[PDB]
Structures are given as C-alpha cells and as structure tokens.
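Okay, so the sequence shown: first residue is 3 according to the entry's author numbering, each after it adds one.
The block underneath contains the structure these notes are about, expressed in structure tokens.
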Amino acid sequence: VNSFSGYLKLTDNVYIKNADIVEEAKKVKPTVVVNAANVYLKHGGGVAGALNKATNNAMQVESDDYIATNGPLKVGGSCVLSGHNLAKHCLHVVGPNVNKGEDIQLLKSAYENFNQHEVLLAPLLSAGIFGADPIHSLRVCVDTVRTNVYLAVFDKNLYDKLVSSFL
Ligand SMILES: CC(C)(O)[C@H]1N(c2ncnc3[nH]ccc23)CCC1(C)C
C-alpha cells in the first residue's frame, strides 16, 4: 500500500491520472519523481522547467554541477539526483526529442531506467514539447516498465484520450 490516490489502473503495475506532476509531488513526496530531462539538464520548460521552478532553481544549480563534473547524459539515459522539496530523489530521464530529430526507438531505452526503482511518479516521456505521440509513449511505458509507475498527465483532454484509447 502506498499514498498515491485517484489513479486509474491500466495494468498490473501502471497507473494513470490527470494531474500536475508538480502538485502531485508536493503532496505525496514520493521516493522517486521522474523529470523529463535533456542531456544538458537544462530545465527550461515543459515538465523540467516546472519541476525546477518548484525547487526555487535548486534543481538547476545541482544539475549544473552534475554536468560540469560528468558531462551530458545520453539520449535514453538517466541520472539520480536530489528530489529537493518534491521527493527523496529525482530520476532525470532523457527521452528522445522529436523536435531535434532524435530516434524514437530510444524511448524504450529511456523507460528501461524506471525498472531500477520499485515505485515512481512520472510524466509520459517524450510527450509535450519533446514532440512524440503521448499515446505511443504510454504504450511503450506499459510494455517496458515492470516496476510500479504512477503517471501524471497534465492535459485533461489528453488524459481522457489516453484512457479511452488504451488497449
Ligand atoms: C509533456 C507531458 C506528457 O509530460 C505533459 N506535461 C506535464 N505533465 C505532467 N505534469 C506536468 N507539470 C507541468 C507540466 C506537466 C506538460 C504537457 C503534457 C503534454 C500534458
């Protein structure tokens, strides 16, 4: 039993909700919140920009030190950093950005990072400003993640379409 509330159950381990991941994180304080990161951990917009804003830019400060030490992530890769005031940890995961021409096949690799954590609060990778089809992202998530994932979908019209079209 966990403290996530109001989710629809899609499969044995995948759950979904119309919610702002920022507000969800502040309520549950999950062990892991997933950020929709880029390889430079520049949290300027989308989910990443919103999460960072909620940390009063502390996420960006920590991220800049991480990049200065380690260099950029790989597309499809991840790193674990602090969750600041939102969660114990933030798993920064880089899904491919279609608006940069990045390979969509890398979306499965991106979701594989979730399997290193027993329970996660997450957005749909590569959706939104990353340019991929959120319906497809949900399919890859369900077919790749085996650990318990609680998906927050910000757009209500999209949440309804994701539910109604889910196979
Ligand atoms: C890009 C995507 C799939 O995560 C969705 N995004 C968010 N999902 C959850 N929590 C959020 N908080 C701030 C943004 C945000 C942004 C727009 C979207 C398409 C509905």
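C-beta: ideal position from N, C-alpha, C; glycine also.
- No Cβ-Cβ contact shorter than 8 Å links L126 with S111.
- Relative to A38, the option among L169, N87 and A134 whose CA is nearest is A134.
- Under the DSSP assignment, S84 falls in the beta strand (DSSP E) whose first and last residues are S80 to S84.
- Nearest to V155 by C-alpha distance, out of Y113, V49 and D14, is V49.
- Straight through space, the alpha carbons of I69 and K102 are spaced by roughly 20 Å.
- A38: member of the beta strand (DSSP E) spanning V34 to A38, first to last residue.
- Each residue's CA atom was taken as its position, placing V24 and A56 some 7 Å apart.
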